[PDB]
Amino acid sequence: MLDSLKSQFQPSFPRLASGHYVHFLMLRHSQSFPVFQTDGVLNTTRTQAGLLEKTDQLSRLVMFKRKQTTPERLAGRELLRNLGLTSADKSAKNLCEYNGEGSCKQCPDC
RNA sequence: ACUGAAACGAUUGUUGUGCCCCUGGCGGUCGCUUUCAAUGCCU
């Protein structure tokens, strides 16, 4: 499989966005009691139940972009530190810190 | 530069501590192992 798909991707990262999108379609299944909260309650919104022309509204749980992207993002940074591509030590030449001035400008996460 | 670029309401926490299905209660009451029988027949 991966040997055939190597044609689709860019050969190096472009300056301008070119309009090649690889989309991952997933079902995230709860396995033990997640708590997607802000403001002290589980985040919810009213939605229509389904696309087939319903009158019927339905309160569904919302997992915000932050609540899923950051757990993916940070699990990449700890892998890069374990491979020794980036460092946690302030005296290293390949330091990367998640939010402040000390963010790298080179590493895969950035 | 989409009023733009990146953006975890988070960290920690035992529904806990004590508690006797407990107390009282007769398997009880009535009941004939009974009824009939030649140690017998001869010397």
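Quick reminder, even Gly has a Cβ in these numbers, built from the backbone with ideal geometry, and neighbours come from all protein chains shown. No value in this document is a laboratory result; all are computed from the given coordinates.
Restricting to the stretch A:58-83, give me the number of residues that are in contact with a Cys (Cβ under 9 Å, 6 or more places away or on another chain) and either touching a residue at least 60 places away in the same chain (Cβ under 8 Å) or basic (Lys, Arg) (or both).
2
What residue, among those in the stretch A:21-56 that are surrounded by 10 or more Cβ atoms within 10 Å (Cβ to Cβ) and more than 16 Å from RNA strand B (Cβ to nearest atom), is farthest from A:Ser7 (Cα to Cα)? Let's see the steps before the verdict.
Applying the first criterion (surrounded by 10 or more Cβ atoms within 10 Å (Cβ to Cβ)) to the stretch A:21-56 yields A:34, A:36-38, A:42-44, A:47-49, A:54.
Filter once more, so that each one left must be more than 16 Å from RNA strand B (Cβ to nearest atom): A:47-49, A:54.
Numbers: A:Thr47: 40, A:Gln48: 41, A:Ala49: 40, A:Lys54: 43 Å.
Among residues in the stretch A:21-56 that are surrounded by 10 or more Cβ atoms within 10 Å (Cβ to Cβ) and more than 16 Å from RNA strand B (Cβ to nearest atom), the one farthest from A:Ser7 (Cα to Cα) is A:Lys54.
When residues of the stretch A:58-110 are filtered for being within 15 Å of RNA strand B (Cβ to nearest atom), basic (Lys, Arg), within 29 Å of A:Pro34 (Cα to Cα) and more than 13 Å from the chain's Cα centre (by Cα), how many remain?
Residues that pass the stated criteria total 1.
If you check A:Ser91, A:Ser103, which single one turns out to be in contact with a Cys (Cβ under 7 Å, 6 or more places away or on another chain), free of Cβ contacts under 8 Å to residues at least 12 places away in the same chain and part of a loop (DSSP other than H, G, I, E, B)?
Details: A:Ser91 fails: in contact with a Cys (Cβ under 7 Å, 6 or more places away or on another chain).
None of the others qualify; the one that does is A:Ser103.
Looking at A:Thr45, A:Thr86, A:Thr55 in this structure, which one is touching a residue at least 12 places away in the same chain (Cβ under 8 Å) and either farther than 26 Å from A:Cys110 by Cα or among the acidic types (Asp, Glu) (or both)?
A:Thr45
Regarding the stretch A:41-51, can at least one residue be identified that is touching a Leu at 6+ places or on another chain (Cβ under 9 Å) and basic (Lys, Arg)? Can you show your working first?
Looking only at the stretch A:41-51, we keep the residues that are touching a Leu at 6+ places or on another chain (Cβ under 9 Å), and these are A:42-50.
Remaining after also requiring basic (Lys, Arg): A:46.
Looking through the stretch A:41-51, at least one residue is touching a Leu at 6+ places or on another chain (Cβ under 9 Å) and basic (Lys, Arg).
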